[PDB]
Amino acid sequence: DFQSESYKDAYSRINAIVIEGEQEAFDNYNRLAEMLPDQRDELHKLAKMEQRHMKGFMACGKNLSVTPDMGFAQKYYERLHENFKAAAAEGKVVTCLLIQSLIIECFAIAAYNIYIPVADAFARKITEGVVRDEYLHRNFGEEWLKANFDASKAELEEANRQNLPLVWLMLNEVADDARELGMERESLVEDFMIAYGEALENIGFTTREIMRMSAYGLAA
């Protein structure tokens, strides 16, 4: 349990996934800072927080004597990451904000909070510090999208349709290794659906709209 060979194998993929995720979050928020001049300094602050998270999780892996399987993690994020990239190239800020500040942050919040109670004491302290920042990142995107809801609504719907299923696939792909780390799938699914559904309601979506938007992920 922590030093077991089964735990260490699963941690190799999970730890690689969180590190790769933080690294991409870093790049994502820097690109967003390019696209949103009025919030350029705030977004740069979010990016610097991501760099800290990445470093903290690299340390978690070293503490369990685990080599992160980065190749597995690259492939894990590829589709969703390339979608961000493409949206960024076409100037689609709304899509980029949805992917990184809503969908990805909600996923991280739900998984990290599930990991905390079963995490070794060193990783538990790191993750507690990390999840504190994730609330702020999600709050940034919700606040912006809520303030710009009418202009953003049509693109949000389209972005959700294309990208929510990718994250569900990512949630499903990670479920086995997560269980080995003592994180139950059913907790992950419920918590992610609740957080993302609640964030959509806060932004301004109706119930039928939230059910429609959620169902694109769940049917995948």
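Each residue number is its position in the shown sequence, starting from 1.
The deposited model assigns a higher average Cα B-factor to 127 to 135 than to the other stretch when 127 to 135 and 100 to 108 are compared.
Look at the mean CA B-factor for 149 to 157 and for 32 to 40 in the entry; the higher one is 32 to 40.
Within the selection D9, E201, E22, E209, the deposited Cα B-factor values reach their highest point at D9. Among all modelled residues in its chain, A220 ranks in the highest third by Cα B-factor. When all modelled residues of the chain are sorted by CA temperature factor, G61 is found within the highest third. The deposited CA B-factor of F84 belongs to the lowest third of values across its chain. The PDB entry assigns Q162 a C-alpha temperature factor belonging to the middle third of its chain's modelled residues. In this PDB entry, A175 carries a Cα temperature factor that places it within the highest third of its chain's modelled residues.
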